[PDB]
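There are 2 protein chains.
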Amino acid sequence: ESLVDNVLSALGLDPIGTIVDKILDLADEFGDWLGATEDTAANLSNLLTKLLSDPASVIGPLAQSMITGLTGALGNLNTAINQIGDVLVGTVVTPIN
Amino acid sequence: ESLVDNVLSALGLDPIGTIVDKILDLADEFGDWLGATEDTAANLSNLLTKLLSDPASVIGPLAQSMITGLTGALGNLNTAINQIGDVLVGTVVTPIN
């Protein structure tokens, strides 16, 4: 009975009742344990597979600055366009390339 | 005694002492098991929520080539700018668009 009670206390449930009732509660607790473990494993596998195949739904919107060199390339292109516009009216500027 | 011994051996600890001490060690092992399971579940849930809401912190820097068509679009724009620059001085080239 002490083994049963200590195991039940460790798993969370408070042991009150007969040995049979405590054992039944212990069995239900291990059933919930099985459910939790299998659900965690399945969720991890599903998340891995979805993140590999289709990362749209799982991953939310992200800032352009996170991409390496994206902001640099966009700035270079915009500055090139601005310089192209400016040279035609004057305002001598250092060419980009 | 053999049930306690086999369970403790399966869960990892080496059972040395009385049956009461082995039972206490078994209870502590199940407590650590519970901690591990709950922490794994919480970490998975937190990672899922963070990846859905704000993916900047969790996800590290990534190469532009991973994005579909980003390198193609950047190359097309750069080649268009280069052709615009080149035509004004000569060197007849195939137009892009």
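Line order of the protein sequences matches chains v and x.
Going by the authors' numbering, the letters in the first sequence line up with residues 343 to 439, in that order.
Going by the authors' numbering, the letters in the second sequence line up with residues 343 to 439, in that order.
Don't be surprised by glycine CBs; every beta carbon is placed ideally from N, CA and C.
With a CB to CB cut of under 6 Å and the five nearest residues on each side skipped, what residues in its chain are close to x:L368? Against the second sequence, residue 368 of chain x aligns to sequence position 26. Hits under 6 Å: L350.
Give me whichever residues DSSP pairs with v:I401 in a beta bridge. On the first sequence, position 59 is the one that residue 401 of chain v refers to. v:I401 is not bridged to any residue.
Within chain x, partners of v:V349 - CB distance below 8 Å: Taking the first sequence and counting its residues from 1, the one referred to as residue 349 of chain v is at position 7. In chain order: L368, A369 and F372.
Under 6 Å Cβ to Cβ from x:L419, same chain only, skipping five residues before and after it: list those, please. As a position in the second sequence, residue 419 of chain x is number 77, starting the count at 1. Correct list: empty, nothing qualifies.
If you measure between the beta carbons of x:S395 and v:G402, is that distance less than 7 Å? Translated into the one-based positions of the second sequence, residue 395 of chain x becomes position 53. Translated into the one-based positions of the first sequence, residue 402 of chain v becomes position 60. In this structure, x:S395 lies near v:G402, with their beta-carbon atoms less than 7 Å apart.
Give the residues of chain x in contact with v:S344, contact being defined as C-beta atoms less than 7 Å apart. For the purposes of this step, residue 344 of chain v is identified with residue 2 of the first sequence, where counting begins at 1. Going along chain x in sequence order, the residues near v:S344 (Cβ under 7 Å) are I365.
Less than 6 Å between C-beta atoms, sequence neighbours within five positions excluded: which residues of the same chain meet that for x:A422? Start at 1 with the first residue of the second sequence, and residue 422 of chain x comes out as number 80. Excluding residues up to 5 positions away in sequence, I438 lie with their Cβ nearer than 6 Å to the Cβ of x:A422 in the same chain.
Beta carbon of v:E371, beta carbon of v:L345: below 7 Å? Here residue 371 of chain v corresponds to residue number 29 of the first sequence, with the count starting at 1. Here residue 345 of chain v corresponds to residue number 3 of the first sequence, with the count starting at 1. No, the Cβ-Cβ distance between v:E371 and v:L345 is not below 7 Å.
Does the beta carbon of v:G377 sit closer than 7 Å to a beta carbon anywhere in chain x? As a first step, residue 377 of chain v must be located in the first sequence, where it is residue number 35. Under the Cβ distance rule, v:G377 does not count among the residues neighbouring chain x, no pair being separated by less than 7 Å.
Whole-angstrom distance between x:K364 and x:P357, CA atom to CA atom: Along the second sequence, read from residue 1 onward, the residue named residue 357 of chain x stands at position 15. Along the second sequence, read from residue 1 onward, the residue named residue 364 of chain x stands at position 22. If I take the Cα positions, the gap works out to 6 Å.
Alpha-carbon spacing of x:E343 relative to x:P397, whole angstroms: For this step, residue 343 of chain x is matched to residue 1 along the second sequence. For this step, residue 397 of chain x is matched to residue 55 along the second sequence. Using only the alpha carbons, I get a separation of about 52 Å.
Whose Cβ in chain v lies nearer than 9 Å to the Cβ of x:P403? Numbered from 1 along the second sequence, position 61 holds the residue referred to as residue 403 of chain x. Taking the beta carbon of x:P403 as reference, the chain v residues within 9 Å of it are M408, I409 and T410, listed in sequence order.
Between which residues of its own chain and v:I361 is the CB-CB distance below 8 Å, once the five residues before and five after are set aside? To locate residue 361 of chain v, count along the first sequence from 1; it is residue 19. Apart from the 5 residues on each side of it in sequence, v:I361 sits with its Cβ closer than 8 Å to the Cβ of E343 and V346 in its chain, given in chain order.
For a test of the three-state rule: what should DSSP assign to v:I358, helix, strand or coil? Working through the first sequence from its first residue, we reach residue 358 of chain v at position 16. DSSP places v:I358 in coil when its eight states are reduced to three.
Rounded C-alpha distance that separates x:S399 from v:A415: Counted from its first residue, the second sequence places residue 399 of chain x at position 57. Counted from its first residue, the first sequence places residue 415 of chain v at position 73. Going by the C-alpha atoms only, they are around 23 Å apart.
Using three-state DSSP, classify v:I409 as helix, strand or coil. Against the first sequence, residue 409 of chain v aligns to sequence position 67. The answer is strand: DSSP assigns v:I409 an E or B state.
I'd like to know if x:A398 contacts chain v, where contact means its C-beta is closer than 7 Å to some C-beta of that chain. Taking the first residue of the second sequence as 1, we reach residue 398 of chain x at position 56. At least one chain v Cβ lies under 7 Å of x:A398.
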